[PDB]
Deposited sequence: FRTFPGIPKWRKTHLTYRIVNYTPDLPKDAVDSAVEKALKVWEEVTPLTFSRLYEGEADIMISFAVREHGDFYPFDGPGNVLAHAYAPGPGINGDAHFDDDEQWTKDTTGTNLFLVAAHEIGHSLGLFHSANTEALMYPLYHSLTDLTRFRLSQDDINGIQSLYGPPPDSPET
(Lines of atoms letter the chains of each structure in order from A and count residues from 1; the text may use other names and numbers.)
(Lines give C-alpha, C1' and ligand atoms only; values in the text may rest on other atoms or scores of the structure.)
Protein backbone atom coordinates (compact mmCIF):
# COMPACT_ATOMS: atom_id res chain seq x y z
CA UNK A 1 0.00 0.00 0.00
CA UNK A 2 1.06 3.68 -0.28
CA UNK A 3 0.11 6.85 1.62
CA UNK A 4 0.28 10.50 0.40
CA UNK A 5 3.44 12.61 0.99
CA UNK A 6 3.43 14.03 4.52
CA UNK A 7 0.84 11.35 5.33
CA UNK A 8 -2.21 13.61 5.41
CA UNK A 9 -4.90 11.91 7.46
CA UNK A 10 -8.16 12.97 9.05
CA UNK A 11 -7.53 13.92 12.65
CA UNK A 12 -11.00 12.85 13.81
CA UNK A 13 -12.80 9.58 13.53
CA UNK A 14 -16.29 10.77 12.62
CA UNK A 15 -16.53 12.05 9.04
CA UNK A 16 -19.42 13.52 7.17
CA UNK A 17 -20.35 13.06 3.56
CA UNK A 18 -22.86 14.70 1.25
CA UNK A 19 -24.16 13.60 -2.15
CA UNK A 20 -24.34 16.95 -3.93
CA UNK A 21 -25.96 15.86 -7.19
CA UNK A 22 -27.14 12.82 -9.04
CA UNK A 23 -26.32 11.16 -12.33
CA UNK A 24 -28.97 10.58 -14.99
CA UNK A 25 -27.60 7.05 -15.39
CA UNK A 26 -29.12 5.52 -12.29
CA UNK A 27 -32.04 5.76 -9.90
CA UNK A 28 -31.10 8.03 -6.95
CA UNK A 29 -31.40 5.12 -4.52
CA UNK A 30 -28.72 3.18 -6.51
CA UNK A 31 -26.36 6.12 -6.12
CA UNK A 32 -27.04 6.34 -2.41
CA UNK A 33 -26.66 2.61 -2.00
CA UNK A 34 -23.35 2.45 -3.85
CA UNK A 35 -21.96 5.34 -1.79
CA UNK A 36 -23.11 3.86 1.52
CA UNK A 37 -21.61 0.50 0.58
CA UNK A 38 -18.37 2.15 -0.41
CA UNK A 39 -18.08 3.93 2.92
CA UNK A 40 -18.89 0.67 4.78
CA UNK A 41 -15.98 -1.08 3.17
CA UNK A 42 -13.62 1.18 5.10
CA UNK A 43 -15.75 1.64 8.21
CA UNK A 44 -15.62 -2.16 8.75
CA UNK A 45 -11.91 -2.24 9.17
CA UNK A 46 -11.15 0.98 11.09
CA UNK A 47 -12.64 3.08 13.89
CA UNK A 48 -13.94 5.55 11.30
CA UNK A 49 -17.64 6.33 11.32
CA UNK A 50 -19.73 8.30 8.84
CA UNK A 51 -22.87 10.36 8.75
CA UNK A 52 -24.67 12.06 5.92
CA UNK A 53 -25.45 15.81 5.50
CA UNK A 54 -27.96 17.37 3.10
CA UNK A 55 -26.75 20.96 3.47
CA UNK A 56 -23.55 22.69 4.42
CA UNK A 57 -20.03 21.43 3.95
CA UNK A 58 -19.45 17.78 4.64
CA UNK A 59 -15.90 16.52 4.87
CA UNK A 60 -16.40 14.35 1.78
CA UNK A 61 -18.45 16.17 -0.81
CA UNK A 62 -19.47 13.77 -3.61
CA UNK A 63 -20.60 14.88 -7.05
CA UNK A 64 -20.93 13.94 -10.72
CA UNK A 65 -19.30 16.22 -13.25
CA UNK A 66 -18.32 16.46 -16.87
CA UNK A 67 -15.21 18.14 -18.44
CA UNK A 68 -14.55 21.45 -16.57
CA UNK A 69 -16.31 21.41 -13.22
CA UNK A 70 -14.88 23.97 -10.85
CA UNK A 71 -11.39 22.60 -10.18
CA UNK A 72 -8.06 22.48 -12.10
CA UNK A 73 -8.62 18.93 -13.24
CA UNK A 74 -11.26 18.68 -15.95
CA UNK A 75 -12.60 15.24 -16.75
CA UNK A 76 -11.79 13.76 -20.16
CA UNK A 77 -14.97 12.37 -21.72
CA UNK A 78 -15.80 8.70 -22.08
CA UNK A 79 -13.40 6.23 -20.57
CA UNK A 80 -9.91 6.71 -19.18
CA UNK A 81 -10.24 8.84 -16.04
CA UNK A 82 -13.43 7.64 -14.35
CA UNK A 83 -13.39 9.76 -11.18
CA UNK A 84 -10.93 11.54 -8.88
CA UNK A 85 -10.68 12.35 -5.20
CA UNK A 86 -8.58 14.56 -2.99
CA UNK A 87 -6.50 13.49 0.00
CA UNK A 88 -7.64 14.41 3.55
CA UNK A 89 -7.89 18.04 4.57
CA UNK A 90 -10.21 21.05 4.54
CA UNK A 91 -12.32 22.41 1.70
CA UNK A 92 -11.88 20.53 -1.56
CA UNK A 93 -9.64 18.04 0.25
CA UNK A 94 -11.47 14.74 0.84
CA UNK A 95 -13.96 15.46 -1.96
CA UNK A 96 -14.73 12.92 -4.71
CA UNK A 97 -15.84 13.73 -8.25
CA UNK A 98 -17.24 11.17 -10.71
CA UNK A 99 -17.07 11.63 -14.51
CA UNK A 100 -20.59 11.46 -15.87
CA UNK A 101 -19.21 10.82 -19.32
CA UNK A 102 -19.05 7.25 -17.95
CA UNK A 103 -22.18 5.09 -17.82
CA UNK A 104 -22.52 4.39 -14.10
CA UNK A 105 -24.12 1.04 -13.35
CA UNK A 106 -25.22 -1.09 -10.44
CA UNK A 107 -23.66 -4.12 -12.10
CA UNK A 108 -20.74 -4.61 -14.40
CA UNK A 109 -22.43 -3.66 -17.66
CA UNK A 110 -20.96 -0.17 -17.53
CA UNK A 111 -18.67 1.43 -14.97
CA UNK A 112 -19.62 0.09 -11.53
CA UNK A 113 -20.31 3.00 -9.17
CA UNK A 114 -19.75 1.05 -5.98
CA UNK A 115 -16.26 -0.19 -7.03
CA UNK A 116 -15.08 3.17 -8.23
CA UNK A 117 -16.57 5.01 -5.21
CA UNK A 118 -14.85 2.51 -2.86
CA UNK A 119 -11.50 3.13 -4.55
CA UNK A 120 -11.98 6.91 -4.56
CA UNK A 121 -13.02 7.02 -0.90
CA UNK A 122 -9.72 5.22 -0.26
CA UNK A 123 -8.05 8.33 -1.66
CA UNK A 124 -10.34 10.62 0.39
CA UNK A 125 -9.13 8.74 3.50
CA UNK A 126 -5.43 9.07 2.63
CA UNK A 127 -4.38 5.98 0.67
CA UNK A 128 -2.51 6.48 -2.58
CA UNK A 129 -2.11 3.71 -5.23
CA UNK A 130 -0.99 0.21 -4.30
CA UNK A 131 1.39 -1.97 -6.29
CA UNK A 132 -0.64 -5.11 -5.46
CA UNK A 133 -2.84 -6.11 -8.43
CA UNK A 134 -5.56 -7.53 -6.23
CA UNK A 135 -5.84 -4.41 -4.04
CA UNK A 136 -8.83 -2.09 -4.32
CA UNK A 137 -6.24 0.77 -4.40
CA UNK A 138 -4.44 -0.68 -7.44
CA UNK A 139 -5.34 1.72 -10.19
CA UNK A 140 -7.74 -1.08 -11.47
CA UNK A 141 -18.97 -8.28 -8.05
CA UNK A 142 -20.11 -11.20 -5.90
CA UNK A 143 -16.43 -11.96 -5.38
CA UNK A 144 -15.43 -8.52 -4.00
CA UNK A 145 -13.37 -8.37 -0.80
CA UNK A 146 -11.04 -5.63 0.47
CA UNK A 147 -7.50 -7.02 0.14
CA UNK A 148 -5.21 -7.38 3.13
CA UNK A 149 -2.97 -4.80 1.53
CA UNK A 150 -5.83 -2.28 1.62
CA UNK A 151 -6.58 -3.17 5.23
CA UNK A 152 -2.95 -2.92 6.20
CA UNK A 153 -2.75 0.48 4.63
CA UNK A 154 -5.94 1.99 6.03
CA UNK A 155 -5.12 0.61 9.48
CA UNK A 156 -1.64 2.12 9.26
CA UNK A 157 -3.44 5.47 9.27
CA UNK A 158 -6.41 4.91 11.59
CA UNK A 159 -5.85 1.64 13.47
CA UNK A 160 -8.12 -1.37 13.50
CA UNK A 161 -11.70 -1.30 14.71
CA UNK A 162 -12.08 -0.96 18.43
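Going by the record, the unmodelled stretches of the deposited sequence, in order, are 141-146, 169-173.
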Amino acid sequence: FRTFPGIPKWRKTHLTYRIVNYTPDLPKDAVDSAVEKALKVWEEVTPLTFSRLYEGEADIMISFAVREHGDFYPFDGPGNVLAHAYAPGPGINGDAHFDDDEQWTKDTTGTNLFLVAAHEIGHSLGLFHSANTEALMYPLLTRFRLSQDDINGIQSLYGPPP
From here on, numbers count along this sequence of modelled residues.
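As listed in the deposited structure, the average C-alpha B-factor of 29-37 and of 58-66 is greater for 29-37. The deposited model assigns a higher average Cα B-factor to 127-135 than to the other stretch when 108-116 and 127-135 are compared. Each of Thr23, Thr13, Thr16, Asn152 has a CA temperature factor in the record; the biggest one is found at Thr13.
The PDB entry assigns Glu43 a C-alpha temperature factor belonging to the middle third of its chain's modelled residues.
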